[PDB]
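1. heads up, no residue letters with this:
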Ligand SMILES: CCCCCCCCCCCCC/C=C/[C@@H](O)[C@@H](N)COP(=O)(O)O
C-alpha cells in the first residue's frame, strides 16, 4: 500500500513530488528522543518493581500508561521518517493509533486520580460502593475510552478517498476526528482544573495550617504546560488549509512535549514517603 | 498522456460580471488540479492549488471547485486587473499537462474596421519584389476573417498577418495583412482585392485596385 | 525570499545548441524538484521534464527525449537545461518552476528565457512607402503607411516626421518570416493634411547602425 501513503504525503507537503525519494532525517533529534524514551521506560519500570505493599494502584496504572507510551514512541521513531513508506496504511494506523491509546489512557488516568482525591474528602455518598467497585470501574473506563477513541480511525473514520479532510500532522487522519479529540481533551482539562480547585476549596475547613496543597495543585498543572501546545497545533491543523501554515512541519517537537509529561509523572506523583532515597542507599 | 480540455477559449467581459471557467479531464485527476494566471511577458502566477485552496495574495472573488474529472474556477466580480490569460493544469501524474487557455477580455460596443489597400512601391519593384498591403484597424470584436483575391482567386501563401491587442484608448483591435509576390507574377494579373468579413456588416467589406489604370 | 533567476535572451542558429540556466535562492535547493515548462502560442504550455537535484535523476516527456538534457549543480544552487540541434519549432519561452512543498503547489515560477531560432546575420531593413492607388478620396480621412521588410535582429524604431505627428498611428509588431523580420505601420490624417503637408517615415535599426527616412509622395 505504498502509493496510498505517497499521495497523502504529497497532498500534505512532506513528500515533494512524484520523483523525489524521501529523506526525512536528522540523526540528532532521532537519537535524542530515544534517550527520552530510554528515560521514560527506565523511570516507569522502577515505579512498578518498587510497589508490592486502595493504595498505589492508581499510581501503578498511570506508570503503566507512561510505560507503554515510552515503549510505543520508541517503536514509533524506528518506523517513521524514511521507513514510513515501507508500511501498509493498515500498519500505519497501528503505529499512530498506538500513541492515541497509550497517551489517551495516560490522560484519562490523570482524571481518575482527580476524582479519587476529590471523592474521599467532605461527603461520603452511599451511591457508590467505594471499596473496590470504584477503583475497577475507573481504570476499566480509562482504558476503554482510550482504545475506543484511539482505534477509531482504523475502523473507518479516516481521510481515505477524501483528501480535503486529511490532517497535516497525521496525513491519513480525519480533521473531524481531531476536532472530536480537541473537544474532549479540553473537556478532560477543564474537568481536572475545576476538581483540583474544588479540592483546594474544600480543605479550607475548621503545627499550623500551612497547606502545601496550594503549592502542589500548581505544580501538577504543568500538565497544561506540557499538553496544551500540541492541542493549539491540532487546532491550527483543523483550521489552516493545506500547505498554508508551515509551523505544522516542526510538529515532532510538540509531540515530545506531550511525551515529556510521561517523564514528569513519576516525579510529581511519587513524592510521598520518598521511596527512591532509601531504594538506592548502597 | 492526460488531456485537459479547458473552455471557453476567450470571453469578452465588462467590469463586475460573473464568469465561470471549465476544465475537464480525460482521466481521474483527483484534486491535484491547479489554476494559473498569465500576463504578457510574465510568468504564470498560481491562483488556486488543490480542490479550492487560494494561494497567498489571491482575493476572495476567486473561487475554485471540482473533484476527479470536472473542475471550475469562478470570478464573482471581474475587476480590471483580472483581465489576463488563465490556465488549468493537472499535476497528478508526470508529465504535467495544461489547458489551452482562456483569455479574459474587455467588452465594448461593435466597431466596423477601416480598410485601406496599398500598391507595391516603386523602389521595391526595382528589386524584383512586390508586396501588397491591406490595413484593417480600429474594429471590435476580434472575430475577423480576411481573404486575398487576385483576379477573383483566393491566395493564402506568402501572407503575413500582424495584430495589436486591445487599444489603450479605443479598446479595439487592428490588423496588418501583407501579401508578397514576385514582380513577374504581380505584372501578370489585374484585379487585386483585400476582402474582410465582420459582425458589423452582412456583406463583406471590400477594398481593391486595378494595376493597369493607375 | 524565493526567487528563480533565469538567464534570459538567447538567439541561436538552426542546427546549433543552447544551454539555459535557472538559479535558485531562498531555499535548500536539494529538497525540491526543478521543472521546466515550454510555452508556444500554438501548442500552449508543454512540459519538458523534471530533475531531482540531489542524486541527478531525471524524468522527461517522450517528445523531448533527445532535445532536452538536464543537469543540476548543488554547489551553486542552479539547474541547467540543454536544447540540442534546434529547428524553428523550438523557438519559445522556457520557464523554470518548483513544486514548492509538493507537486500539489507549483507556486514559484521563474521569468522565462526567450529563445529565437533564426539563421541570418544582422541585415538592415528595406523601407518602402505605401501610398494609395491614385484614386482621389470620397471619404474624409486619408490612410497611408510605411513598410519595413527583411531585417535582423529585432529592436527597430519607427517614428513619423521624426515624432511630430503621433495622433492615430498604428505600429504593428514584427513577424519572423524566412529567418527575417517584417514590420508595418499606418498613419491616418484628413484629406486636408495629405499631400498638402509632408509625411515621411523615420525608421532606425540600431544593430546595423542604419537610419533611413522615406518620404511618402503620391502617384
Ligand atoms: C482524550 C485525550 C486524547 C489525547 C490523545 C493523545 C494525543 C497524542 C497524539 C500522538 C500522535 C503522535 C504520533 C505522531 C507521529 C508522527 O510524528 C510520525 N509518525 C510521523 O513521522 P513521518 O513518518 O510522517 O516522517
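-> Received the coordinates, thanks. Numbers count the residues shown, from 1 in each chain, chains lettered A, B, ... in the order given.
2. ranges for the helices of chain A?
-> With DSSP state H as the criterion, chain A has helices at A:2-12, A:29-50, A:57-78, A:89-119, A:133-150, A:175-201, A:213-219, A:223-239, A:252-259, A:261-268, A:275-279.
3. nearest spatial neighbour of residue 63, skipping sequence neighbours?
-> Looking at chain A here, since you left the chain open. residue A:47 (4.1 Å; Cβ to Cβ, 6 or more residues apart in numbering or on different chains). Placement of C-beta: from N, CA and C, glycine included.
4. Correction: the question concerned chain B.
-> Counting by Cβ to Cβ, 6+ apart, residue B:74 is the residue found nearest to residue B:63 once chain neighbours are left out, at 4.6 Å.
5. now that neighbour: how far from residue B:82?
-> Using Cβ to Cβ, to the nearest Å, we find residue B:74 at a distance of 12 Å from residue B:82.
6. picking up where we left off before, which neighbours in the sheet does the helix or strand hosting the residue nearest to residue B:63 have, and how are they oriented?
-> Element membership of residue B:74 [criterion: DSSP states H and E] is strand B:70-75. With DSSP bridges as the test, strand B:70-75 is paired with strand B:19-25 (antiparallel), strand B:62-67 (antiparallel).
7. List the contacts of residue 172.
-> With no chain named, the answer covers chain A. A:5, A:8, A:89, A:92, A:93, A:96, A:153, A:158, A:159, A:160, A:166 (Cβ atoms under 8 Å, 6 or more residues apart in numbering or on different chains).
8. nope, chain C
-> B:162, B:163, B:164, B:174, B:176, C:183, C:184, C:185, C:186.
9. Identify the residue nearest residue B:179 in space, chain neighbours excluded?
-> In space, and not counting its chain neighbours, residue B:179 is closest to residue B:132: 4.5 Å by Cβ to Cβ, 6+ apart.
10. That neighbour: neighbour count?
-> Look at residue B:132: counted by other Cβ atoms under 10 Å in any protein chain shown, it has 25 neighbours.
11. Could you pull up the contacting residues of it?
-> Counted by Cβ under 8 Å, 6+ apart, residue B:132 has contacts B:117, B:118, B:119, B:120, B:148, B:178, B:179, B:180, B:181, B:186, B:192, B:194.
12. picking that back up, for the contacts of residue C:172, give me CSV that also has neighbour count.
-> Formatted as CSV, the contacts of residue C:172 follow (neighbours: other Cβ atoms under 10 Å in any protein chain shown):
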residue, neighbour count
B:162, 19
B:163, 14
B:164, 17
B:174, 21
B:176, 26
C:183, 24
C:184, 27
C:185, 21
C:186, 25
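13. you'd agree residue B:144 is up against residue B:195?
-> No - checked against Cβ atoms under 8 Å, the pair residue B:144 and residue B:195 is beyond contact range at 11.2 Å.
14. Tell me who's in contact with residue B:189.
-> The contact partners of residue B:189, by Cβ under 8 Å, 6+ apart, come to B:150, B:151, B:211.
15. again, only this time at 7 Å
-> B:150, B:151 (Cβ atoms under 7 Å, 6 or more residues apart in numbering or on different chains).
16. same check, this time on residue B:58
-> Listed by Cβ under 7 Å, 6+ apart, the contact set of residue B:58 reads B:47, B:48.
17. ok, the most centrally placed residue in chain A to residue C:84 distance?
-> For chain A, the residue nearest the mean C-alpha position is residue A:103 (2.7 Å; Cα atoms, centre = their mean). Distance of residue A:103 to residue C:84, computed by Cβ to Cβ: 58 Å.
18. what does residue C:10 give?
-> 14 Å.
19. Which one of these two is surrounded by more residues?
-> Between residue C:10 and residue C:84, residue C:10 has the larger neighbour count (other Cβ under 10 Å), namely 17 against 14.
20. Get me the contact residues on chain C for chain A.
-> Chain C has residues C:31-33, C:50, C:52, C:57, C:59, C:99, C:101-105 near chain A, with proximity defined as Cβ under 7 Å from any Cβ of the partner chain.
21. please redo it, this time with the cut-off set to 6 Å
-> When proximity is defined as Cβ under 6 Å from any Cβ of the partner chain, chain C approaches chain A at C:32, C:33, C:50, C:52, C:59, C:99, C:101, C:102, C:103, C:105.
22. ok, so of those residues, who is nearest residue C:124?
-> The nearest member of the residues of chain C next to chain A to residue C:124, counting by Cβ to Cβ, is residue C:50 at 43.6 Å.
23. Provide a list of residues in contact with the spatially most central residue of chain B.
-> By Cα atoms, centre = their mean, the mean C-alpha position of chain B lies nearest to residue B:142, the distance being 6.9 Å. Residues near residue B:142 by Cβ atoms under 6 Å, 6 or more residues apart in numbering or on different chains: residue B:173.
24. That one and residue A:22, how far apart?
-> 50 Å.
25. next one: residue B:97
-> In terms of Cβ to Cβ, residue B:97 sits 26 Å off from residue A:22.
26. Residue 76: how many residues sit nearby?
-> All of this refers to chain A. Based on other Cβ under 10 Å, the number of other residues close to residue A:76 is 18.
27. wrong chain, I was asking about chain C
-> Neighbours of residue C:76 using other Cβ under 10 Å come to 12.
28. Within range of the ligand, give me the residues from chain C.
-> Contacts of chain C with the ligand, taken as Cβ under 6 Å from any ligand atom, are absent.
29. Can you tell me, leaving aside adjacent residues, what's nearest to residue C:157?
-> residue C:204 (4.6 Å).
30. Verify the stated contact: that neighbour with residue C:155.
-> No - if you go by Cβ atoms under 6 Å, residue C:204 and residue C:155 don't touch, sitting 9.6 Å apart.
31. Fine by me, thanks again.
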